[PDB]
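Taking it in order: structure first as C-alpha cells, then the write-up.
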Amino acid sequence: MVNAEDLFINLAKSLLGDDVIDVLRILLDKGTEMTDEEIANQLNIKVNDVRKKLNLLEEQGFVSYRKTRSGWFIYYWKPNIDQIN
Numbered sequence: 001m002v003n004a005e006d007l008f009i010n011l012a013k014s015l016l017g018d019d020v021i022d023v024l025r026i027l028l029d030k031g032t033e034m035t036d037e038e039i040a041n042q043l044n045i046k047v048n049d050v051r052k053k054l055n056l057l058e059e060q061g062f063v064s065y066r067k068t069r073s074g075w076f077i078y079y080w081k082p083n084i085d086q087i088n
C-alpha cells in the first residue's frame with residue numbers, strides 16, 4: 001500500500017467535494033468501523049451532513065456500511084481501501 005491512503009484520498013477528491021474527503025480521513029485513521037455519530041462526535045459537525053458525506057462516497061465506493069440491530076438498528080462504516088487493492 002503506502003501510496004494508497006492517498007491514491008484513495010485523491011480519487012475521492014477528483015470525484016466528490018472536499019467536504020467529503022474530510023470524512024474518509026477519520027475513517028482511514030481510526031482503522032476500524034465507525035458510525036456517523038462517532039465520525040461526527042470526534043470531529044465536530046452535524047451528524048446529518050456527516051451522513052450526507054458518507055452516502056455520497058458510499059455511492060462511489062470509497063466506503064461500505066453494515067446495519068446491525073439494546074433496541075435500535077445501527078449502520079457502521081468502513082473504508083473500502085483493501086478493495087482498492
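Throughout the sequence shown, residue numbering follows the entry's author numbering, covering 1 to 69, 73 to 88 in sequence.
Ideal placement from N, C-alpha and C gives every residue a C-beta, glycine not left out.
Asked	Found
For residue 66, report the span of its beta strand (DSSP E) as first-last.	64-67
Closest to residue 15 by C-alpha separation, out of 58, 48 and 67, would be which residue?	58
Have a look at residue 48 and residue 42 and give me their C-alpha separation to the nearest angstrom.	14 Å
Around the C-beta of residue 2, are 16 or more other C-beta atoms found within 10 angstroms, so that it is buried, or is it exposed?	exposed
Would you mind working out which of 54, 60 and 77 sits nearest residue 22, comparing C-alpha positions?	54
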